[PDB]
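Q: Just passing along the structure, written as structure tokens.
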Amino acid sequence: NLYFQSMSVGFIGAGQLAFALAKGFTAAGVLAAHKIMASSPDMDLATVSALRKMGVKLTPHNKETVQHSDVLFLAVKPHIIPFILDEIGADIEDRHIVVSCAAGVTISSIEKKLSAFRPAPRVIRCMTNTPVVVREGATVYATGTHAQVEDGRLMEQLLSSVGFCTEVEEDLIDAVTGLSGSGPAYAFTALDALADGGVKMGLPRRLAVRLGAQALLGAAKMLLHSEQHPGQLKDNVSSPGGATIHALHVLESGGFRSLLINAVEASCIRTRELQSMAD
Amino acid sequence: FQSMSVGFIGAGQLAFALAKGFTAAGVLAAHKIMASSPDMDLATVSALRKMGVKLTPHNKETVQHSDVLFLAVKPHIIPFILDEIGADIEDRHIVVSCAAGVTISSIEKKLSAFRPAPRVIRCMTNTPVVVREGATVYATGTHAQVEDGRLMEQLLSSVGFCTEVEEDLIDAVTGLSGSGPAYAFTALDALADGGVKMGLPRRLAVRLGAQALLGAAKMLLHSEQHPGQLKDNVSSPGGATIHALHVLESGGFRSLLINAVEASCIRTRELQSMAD
Amino acid sequence: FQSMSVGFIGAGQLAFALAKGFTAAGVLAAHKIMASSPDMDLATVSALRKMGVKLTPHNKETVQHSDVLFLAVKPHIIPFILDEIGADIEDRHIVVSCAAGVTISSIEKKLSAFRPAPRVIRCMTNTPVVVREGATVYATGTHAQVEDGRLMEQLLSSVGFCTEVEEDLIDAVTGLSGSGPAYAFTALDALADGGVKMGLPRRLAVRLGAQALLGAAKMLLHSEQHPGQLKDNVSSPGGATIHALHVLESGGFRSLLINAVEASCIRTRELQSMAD
Amino acid sequence: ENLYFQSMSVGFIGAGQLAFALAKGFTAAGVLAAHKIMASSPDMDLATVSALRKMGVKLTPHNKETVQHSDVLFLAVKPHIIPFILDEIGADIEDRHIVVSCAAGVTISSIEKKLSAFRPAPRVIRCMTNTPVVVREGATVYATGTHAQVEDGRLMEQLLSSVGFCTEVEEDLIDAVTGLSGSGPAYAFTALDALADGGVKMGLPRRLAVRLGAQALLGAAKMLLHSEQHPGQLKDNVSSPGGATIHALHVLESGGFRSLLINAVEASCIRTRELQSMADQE
Amino acid sequence: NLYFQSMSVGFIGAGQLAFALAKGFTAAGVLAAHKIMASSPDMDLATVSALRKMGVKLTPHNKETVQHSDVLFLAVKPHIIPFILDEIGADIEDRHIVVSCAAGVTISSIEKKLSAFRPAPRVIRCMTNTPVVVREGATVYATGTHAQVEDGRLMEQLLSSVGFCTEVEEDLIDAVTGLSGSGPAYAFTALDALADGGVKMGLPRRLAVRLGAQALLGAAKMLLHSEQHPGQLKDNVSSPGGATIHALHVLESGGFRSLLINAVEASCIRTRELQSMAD
Ligand SMILES: Cc1c(C(=O)O)cccc1N1CCNC1=O
Ligand SMILES: Cc1c(C(=O)O)cccc1N1CCNC1=O
Ligand SMILES: Cc1c(C(=O)O)cccc1N1CCNC1=O
Ligand SMILES: Cc1c(C(=O)O)cccc1N1CCNC1=O
Ligand SMILES: Cc1c(C(=O)O)cccc1N1CCNC1=O
């Protein structure tokens, strides 16, 4: 029964992540779409057309987003952020909470830009992912220097309505990006391949995609609701001499585990290295 | 345009491909094209003569003939060309650089020492312009007029796909569609070897493999659907195609093509860093 | 021909592709085509209705409507189809099997029990017939008349390449151009991933990669030259393309495509051995 | 013939494998008298020195004697020895000399820099050849230095053409040539040894497998050199559908055969450059 | 100064191998092209058009080749041989020497077919390669049951005019096929790759192809004229610490030698397995 009656939300950027969050927030009922405004340099994006359908207010002008909004999501590419902050810095007021969703972009760099216009900008850095669109996102956030205690509690309330949300120290966020920020792409790749495997063995493609996705969904839910180690749940499904343990062996023979470690590491390192070139 | 005069500095594979595509398209008569080369014995130069293109060993004569000037020389030769003909660039000229990696900044810097406001366009095209199915991107320079970009798009659209991009995308485009045809020629040779291994005559295997690739690419271009969806559409359960897809996956087929785009892009950037 | 009536048993991806190509080509009006399927809710069936193709759940009605009868069902369904409609085959009928691996002998054996001298043609086509760039081979059966092979070649030539082959080549053709589009869709997805990794927007990367493959395939088809010679022509010394070719070679890129043709061909043969 | 009646005196500083291969080739060609060649080495106990002796080549431990004897002076020592050689006999190079460096990686510029401190216009040519000059089937490229006369390049081409293919290139190609045809015979010797092993594994006597593999490679190379055709086209022409040859080509592809030969040319070229960059820093 | 004045040669099959041998024999001067006849089911082959240019007599009918010829080369695909022998078996005379060039096809299978029509067919089995076209072929042959001593000496004289030729026991020929029969294809692949390597390092393609081919030609000639082991010649070119030994290492690291062993083995096994399916 959550609802932020006194809150206006703006998205600078109207891409995949802005659409997912707006759809999540509306589907949760915590915000009405008409209290959400999004701006984009390209008003012909398919995400823009969809936001219009939901009732979200659209404008080409980032300044109008800022003037309309209390909570301002920066949902542009990381290299776009300094240009955004240059453009609207003089429009940031005391009432604004600036929530940066950009991968790698530090609270320090955002506060430094905005402090040139007005001291004490209220900045929160977050890393979320697109499954907020089905209210099963995974979000972490870190509060900036001038964020009030009520600011983070409020953002946790909002982002908890679309998935898991928790506060972290900012120096964990690049690693979170490699795990749950990039995570859904790893899963989509895995589901495409599992479906290909089902088709090879004779399943219709539609059934194979549905079964694979359901298997992944249920296994993740099992882990989330269990106090048990994932290796323990693996043991419970691996019947002696059976089909599952034979398949696990061929995963191990290809170094399956190391590829996923490789992936989290690669996404995290890229995230840091993008920011370091920015700075 | 009709009154438009075009010149090529460099008369190698790319200049021939472009001149052949332009004249096949009808947008340009061969007599309105002139080309120069340090080597007037190249096969590409003899072919251009058969088509009716004017040839010269002197780059200055090509410049004086031309309105649109294509630089189709190797990237390391561009600075030398610019030094040799920079004093001959007029206000009427549009200089279109085709060299991999060579930046608009480096070209404008060289030419601006002879005359300010050089109209410079950078493009990355590929050799299939010779059959009017090229892939071309271009970026306009500091002093390029709006009509200059539209003239370029009109000309290059006649021999394939053409769109304007920001210049910082062009090295990646080089790795993808600039080098792309070579990946496809390698693949077509291998697919033909495979057909021959399984009993097909070579001439038939080459024709079938090439037709298969053309038709698939055309399908994707004419479809709104994802390439994996099209792959799904043609992968019958338990069948031959899905068995073959598996063996490609087992060799990391996808990663090799990603590697290739990356390597070509990185080499393109690296060559320019050595230039500057 | 104009008076020619065509039927499809099976209304999946291949039947739609063929009907769409045939009607786009102009050789066949949609109203002279009829299709049947055990599942009248498939997307392919709804699309065929929009085009104006007649639909039915009863294979017998398709047979009675048709002069040329395409069997576009899965290979394991062919024997069942033949048992169900074998008594409805007339002398006027030409039965064109599209099923991977299914031999003319097995089809003639089934049908000859109902009426002697069935006119049977086996082909291997592919889905790019939907954009009139298919690759098709066919072999004529024991009782196929000379005009039957020329009618088939005329029809299938309207939607792509078509040539007659000896039947023992068809399983290899399946591995090459039958499964070929799927290899190309996989490659185009990966090439797009590569362009995206190097900074390109996805929509642009897909378009450029697909255009690059189309143009290269068209170049080879229009050239008398070897694919390695065309590769040589586009591999500038020390440049980006030759660097990218090396990384493909280092992963055994060529061998993977050979593997794929072989695996699809072998699976095609293996399925038929299980049939018989 | 016309080179013979020029009665050139040739010197080699360095009496190793390349000096012996060139001396053998030149004398077999009839362009030089063995006793009109002089070679020097700090190590007079090398086997190649003993072979040169038997040929009739004059040998001396004194590099100055080789310089004074010579009209054309080949520098055939290893690359790191070249700057010490140029220090030692730089004062003895005369205006009449053509100095031909065969050392991998060593630039004309580095040689002229040393020699220019003595006489002002040293005539320098850089070449990359290979040991098959010994059977007059070498692959040679050369580049002419700042003060090399046009007649010097022509003379060099005439001489080296007597022992194989020879052509002028810009100097910036020579490190790559080194990785390809300078090191190339070693790749072929490795390949011939392995093909012979494969012959032996399948039941052939070693002597026959060596002969047949070598004849196959020789004939294939000659076919290519005499054909206006792409090597892939020649490959297509011999690969019968479904046959033994295309099956063998597949297993070469599956091991990345092509990439290993590219790796080899690259590794030899890069090493050649790396040794020069080390010398030019010092 | 060799010349077979009293010899007519026929080729059944007019493909790559027949053209190479006819061009080799004519270039050697041992046969005039007008004393050579070739037949082919396809008179539009590019090889057929070239044979016509040399002056070789062409006919669609294998029977005419047999009637014209003394020495009859079977230069068709192996699976074509039994059909050829069925077609012309009744036309084989006492004067004919039948030289089969087909990979894998045994003397026993040929003699069995031809003996049904007339006893004591004179059969020689050979394995040659296309470099006979430049008179640098590599040929081995085995004499059949009814071949006279003069028959093999004659075929060795003829085939020696276009390259190396020697008699072997028939059970070596499948292995020879894997080594020198398929050998030139291995070399063409290697030369394409070496040229690619030269181009990568900055050489024009034309120069790289010429240098690579010359290097291979000279090295093979060096080995043929030396009494020394190929490893010894390798040692003579591998200067300590130098460029060549660095390149040899990277060949070894990829298992270069084992790939060539793999190749000879694969071609030999395929050759045997084709014949075993024939029998
Ligand atoms: C670019 C990006 C990555 C990436 O680098 O792949 C990963 C997670 C989120 C984001 N997003 C989305 C919107 N703005 C961002 O930074
Ligand atoms: C050299 C080159 C590459 C490369 O580096 O492989 C790639 C694409 C285009 C070009 N061209 C063609 C003419 N001038 C260029 O720069
Ligand atoms: C099943 C199939 C394969 C395969 O086995 O992957 C390959 C090519 C065509 C076909 N089709 C389509 C319709 N009926 C068939 O047999
Ligand atoms: C050392 C060397 C290599 C190598 O580095 O392997 C390659 C080619 C030639 C030479 N030679 C021979 C005499 N002096 C040289 O530099
Ligand atoms: C088919 C073939 C192979 C092979 O199987 O690749 C190898 C060597 C020779 C032959 N030839 C040529 C003519 N008739 C033959 O058998």
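Labeling convention for the structure tokens: chains A, B, ... as they appear, residues from 1 per chain, ligands from 1 in order of appearance.
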At a cut-off of 6 Å and counting only C-alpha atoms and all ligand atoms, what residues surround ligand 1? Please answer as a list in words.

A: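 These are the residues that qualify: residues 17, 75, 76, 77, 78, 101, 102, 103, 177, 181 and 182 of chain A.
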
Q: Neighbours of residue 27 (chain E) within 9 Å (only C-alpha atoms; same-chain residues fewer than 6 positions away dropped), as a list in words?

A: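 The filter keeps residues 133, 134, 135 and 162 of chain E.
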
Q: What are the residues of chain C lining chain A at 12 Å or less? Count only C-alpha atoms, and put the answer as a list in words.

A: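 Filtering chain C at 12 Å from chain A with only C-alpha atoms gives residues 42, 74, 76, 197, 199, 203, 264 and 267 of chain C.
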
Q: Would you save the residues from that selection as a compact mmCIF listing (two decimals), in the first residue's frame, using C-alpha atoms?

A:
```
# COMPACT_ATOMS: atom_id res chain seq x y z
CA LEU C 42 0.37 -21.42 -36.61
CA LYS C 74 9.27 -32.62 -41.47
CA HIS C 76 9.69 -38.08 -40.26
CA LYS C 197 31.59 -3.97 -28.45
CA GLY C 199 31.00 1.34 -29.88
CA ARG C 203 20.66 -1.22 -35.13
CA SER C 264 24.52 -31.05 -41.29
CA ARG C 267 22.81 -35.68 -39.80
```

Q: What are the residues of chain C lining chain D at 8 Å or less? Count only C-alpha atoms, and put the answer as a list in words.

A: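 Going by the stated atoms only, the list reads residues 226, 228, 229, 246, 249, 250, 251, 252, 254, 255, 256 and 258 of chain C.
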
Q: Which residues are near ligand 2 - at most 9 Å, using only C-alpha atoms and all ligand atoms? Format: as an MDAnalysis selection string.

A: (chainID B and resid 10 12:15 71:76 78 97:102 124:127 174:175 177:179 264 267:268 271) or (chainID C and resid 234:244)

Q: Nearest residue to ligand 5 out of E:61, E:79, E:229, E:122, using only C-alpha atoms and all ligand atoms?

A: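 Using only C-alpha atoms and all ligand atoms, the shortest distance to ligand 5 belongs to E:79.
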
Q: Taking the backbone alone, and naming residues the way the document does, which bits of region 168-218 of chain D are helix (DSSP H, G or I) by DSSP, as number ranges by chain?

A: D: 171-182, 184-201, 206-218

Q: Let's have the selection written as a compact mmCIF listing (two decimals), in the first residue's frame, with N, CA and C atoms.

A:
```txt
# COMPACT_ATOMS: atom_id res chain seq x y z
N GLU D 171 63.55 -0.17 -48.50
CA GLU D 171 64.17 -0.83 -47.35
C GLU D 171 63.15 -1.20 -46.28
N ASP D 172 62.03 -0.47 -46.17
CA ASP D 172 61.09 -0.75 -45.08
C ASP D 172 60.37 -2.08 -45.23
N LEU D 173 60.51 -2.77 -46.37
CA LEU D 173 59.94 -4.10 -46.55
C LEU D 173 60.88 -5.22 -46.08
N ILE D 174 62.15 -4.92 -45.79
CA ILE D 174 63.13 -6.00 -45.69
C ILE D 174 62.95 -6.83 -44.42
N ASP D 175 62.52 -6.22 -43.31
CA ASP D 175 62.28 -7.01 -42.11
C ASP D 175 61.17 -8.05 -42.35
N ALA D 176 60.12 -7.66 -43.08
CA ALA D 176 59.05 -8.60 -43.44
C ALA D 176 59.55 -9.70 -44.36
N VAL D 177 60.32 -9.32 -45.39
CA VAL D 177 60.94 -10.32 -46.26
C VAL D 177 61.74 -11.32 -45.44
N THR D 178 62.48 -10.83 -44.43
CA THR D 178 63.23 -11.72 -43.55
C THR D 178 62.32 -12.78 -42.94
N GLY D 179 61.18 -12.35 -42.40
CA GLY D 179 60.27 -13.30 -41.80
C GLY D 179 59.67 -14.29 -42.78
N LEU D 180 59.63 -13.93 -44.06
CA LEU D 180 59.00 -14.78 -45.07
C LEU D 180 60.01 -15.65 -45.82
N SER D 181 60.87 -15.05 -46.65
CA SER D 181 61.80 -15.87 -47.42
C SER D 181 63.17 -16.03 -46.77
N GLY D 182 63.58 -15.14 -45.87
CA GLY D 182 64.83 -15.34 -45.16
C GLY D 182 64.75 -16.52 -44.20
N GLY D 184 62.05 -18.54 -44.32
CA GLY D 184 61.22 -19.52 -45.00
C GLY D 184 61.77 -20.93 -45.22
N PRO D 185 63.01 -21.06 -45.67
CA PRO D 185 63.55 -22.41 -45.85
C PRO D 185 63.48 -23.26 -44.58
N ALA D 186 63.68 -22.66 -43.40
CA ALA D 186 63.57 -23.41 -42.15
C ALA D 186 62.15 -23.94 -41.92
N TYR D 187 61.12 -23.14 -42.23
CA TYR D 187 59.75 -23.63 -42.13
C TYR D 187 59.56 -24.83 -43.04
N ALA D 188 60.16 -24.77 -44.24
CA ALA D 188 60.03 -25.85 -45.20
C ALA D 188 60.78 -27.08 -44.75
N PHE D 189 61.98 -26.91 -44.20
CA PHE D 189 62.70 -28.07 -43.68
C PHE D 189 61.91 -28.74 -42.57
N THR D 190 61.30 -27.94 -41.68
CA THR D 190 60.45 -28.51 -40.62
C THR D 190 59.28 -29.27 -41.22
N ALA D 191 58.64 -28.67 -42.22
CA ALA D 191 57.50 -29.29 -42.89
C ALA D 191 57.89 -30.59 -43.58
N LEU D 192 59.06 -30.60 -44.23
CA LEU D 192 59.50 -31.79 -44.95
C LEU D 192 59.81 -32.92 -43.99
N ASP D 193 60.44 -32.60 -42.87
CA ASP D 193 60.69 -33.59 -41.84
C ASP D 193 59.37 -34.19 -41.33
N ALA D 194 58.35 -33.35 -41.13
CA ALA D 194 57.07 -33.82 -40.59
C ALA D 194 56.28 -34.63 -41.61
N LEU D 195 56.23 -34.15 -42.86
CA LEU D 195 55.59 -34.91 -43.93
C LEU D 195 56.24 -36.27 -44.10
N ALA D 196 57.57 -36.32 -44.02
CA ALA D 196 58.27 -37.60 -44.05
C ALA D 196 57.83 -38.50 -42.90
N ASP D 197 57.74 -37.95 -41.68
CA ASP D 197 57.24 -38.75 -40.56
C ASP D 197 55.86 -39.31 -40.85
N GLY D 198 54.98 -38.49 -41.44
CA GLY D 198 53.66 -38.95 -41.80
C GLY D 198 53.71 -40.05 -42.84
N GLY D 199 54.60 -39.90 -43.83
CA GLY D 199 54.80 -40.97 -44.79
C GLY D 199 55.24 -42.25 -44.10
N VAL D 200 56.23 -42.13 -43.20
CA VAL D 200 56.71 -43.29 -42.47
C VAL D 200 55.61 -43.89 -41.60
N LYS D 201 54.79 -43.04 -40.96
CA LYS D 201 53.73 -43.60 -40.11
C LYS D 201 52.77 -44.46 -40.92
N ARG D 206 61.66 -44.39 -44.99
CA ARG D 206 62.05 -43.01 -44.77
C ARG D 206 62.68 -42.38 -46.01
N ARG D 207 63.61 -43.10 -46.66
CA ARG D 207 64.30 -42.52 -47.81
C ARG D 207 63.30 -42.08 -48.87
N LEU D 208 62.31 -42.93 -49.17
CA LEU D 208 61.30 -42.62 -50.18
C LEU D 208 60.38 -41.49 -49.72
N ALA D 209 59.98 -41.50 -48.45
CA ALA D 209 59.08 -40.45 -47.96
C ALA D 209 59.74 -39.08 -48.03
N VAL D 210 61.02 -38.99 -47.67
CA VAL D 210 61.76 -37.72 -47.79
C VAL D 210 61.80 -37.24 -49.23
N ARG D 211 62.24 -38.11 -50.15
CA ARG D 211 62.29 -37.78 -51.58
C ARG D 211 60.93 -37.31 -52.11
N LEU D 212 59.86 -38.06 -51.81
CA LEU D 212 58.54 -37.75 -52.36
C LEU D 212 57.98 -36.46 -51.79
N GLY D 213 58.15 -36.25 -50.49
CA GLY D 213 57.66 -35.02 -49.89
C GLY D 213 58.39 -33.80 -50.44
N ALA D 214 59.71 -33.91 -50.60
CA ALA D 214 60.49 -32.80 -51.14
C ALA D 214 60.12 -32.51 -52.59
N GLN D 215 59.95 -33.57 -53.39
CA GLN D 215 59.55 -33.40 -54.79
C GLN D 215 58.16 -32.78 -54.89
N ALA D 216 57.25 -33.16 -53.98
CA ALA D 216 55.90 -32.58 -53.98
C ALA D 216 55.94 -31.08 -53.71
N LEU D 217 56.71 -30.67 -52.71
CA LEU D 217 56.83 -29.25 -52.38
C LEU D 217 57.51 -28.48 -53.50
N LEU D 218 58.57 -29.05 -54.07
CA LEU D 218 59.26 -28.40 -55.19
C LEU D 218 58.31 -28.23 -56.37
```

Q: Could you give me, as a ChimeraX atom specification, every polymer residue with an atom at most 8 Å away from an atom of ligand 4, counting only C-alpha atoms and all ligand atoms?

A: /D:14,16-19,75-79,102-106,128-130,178-179,182-183,268,271-272 /E:237-246

Q: Starting from chain B, keep only residues with some atom at most 6 Å from an atom of chain C, counting only C-alpha atoms, and report them as a count of residues only.

A: 41
